[PDB]
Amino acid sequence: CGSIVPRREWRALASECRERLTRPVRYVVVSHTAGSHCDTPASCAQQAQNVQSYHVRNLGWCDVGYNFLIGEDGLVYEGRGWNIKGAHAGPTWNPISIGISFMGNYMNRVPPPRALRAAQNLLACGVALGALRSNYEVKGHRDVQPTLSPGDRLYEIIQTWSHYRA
């Protein structure tokens, strides 16, 4: 599970992150890359690649910041995964949360349902393995940090999720 595209499959560089997430995690933070969007597996590999390159080469980070990335292709791409503390929501939220990030800018476009489906299924396949709590709370990026992420349109949608909390 759960049709997660593994690091090696999207041509990732080697993670160098050591700091580990205490399971089971209470919080999920939903962001956007505010990068280029992609609707094929081929373009979404290329794009996940591009995100990690910025984070690693330019920002000198130990890996891509997000635990997981959602493509409009409808597949989840493995970032730091369930166990490795992210860099997506800053110091107060990074240690106590999983960050998933929709690849693209969602101010003036919604993600297609398969992307929204992928995410929800990703979230379920996280309780199952005990990475997430049963009663996990979903926060928007803007709900924990000064940012427009995850975009006006995607933010509206996640407010309607059963697990969402302001």
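Each residue number is its position in the shown sequence, starting from 1.
**Student:** Quick check on the record: does 66-74 or 105-113 carry the larger mean Cα temperature factor?
**Tutor:** So the stretch with the higher mean C-alpha B-factor is 105-113.
**Student:** Quick one: say whether 45-53 or 122-130 has the higher mean Cα B-factor in the deposited entry.
**Tutor:** Per the PDB entry, the higher value belongs to 122-130.
**Student:** Report the third (lowest, middle or highest) to which the CA temperature factor of residue 150 belongs, ranking only the modelled residues of the same chain.
**Tutor:** Within its chain, residue 150 is a lowest-third residue by C-alpha B-factor, going by the deposited values.
**Student:** If you rank the chain by CA B-factor, which third does residue 19 end up in: lowest, middle or highest?
**Tutor:** Highest third.
**Student:** Comparing residue 138 with the other modelled residues of its chain, is its CA B-factor in the lowest, middle or highest third?
**Tutor:** Middle third by C-alpha B-factor.
**Student:** Using the temperature factors of the C-alpha atoms in this entry, rank residue 157 within its chain: lowest, middle or highest third.
**Tutor:** For residue 157, whose C-alpha B-factor we compare with every modelled residue in the chain, the answer is the middle third.
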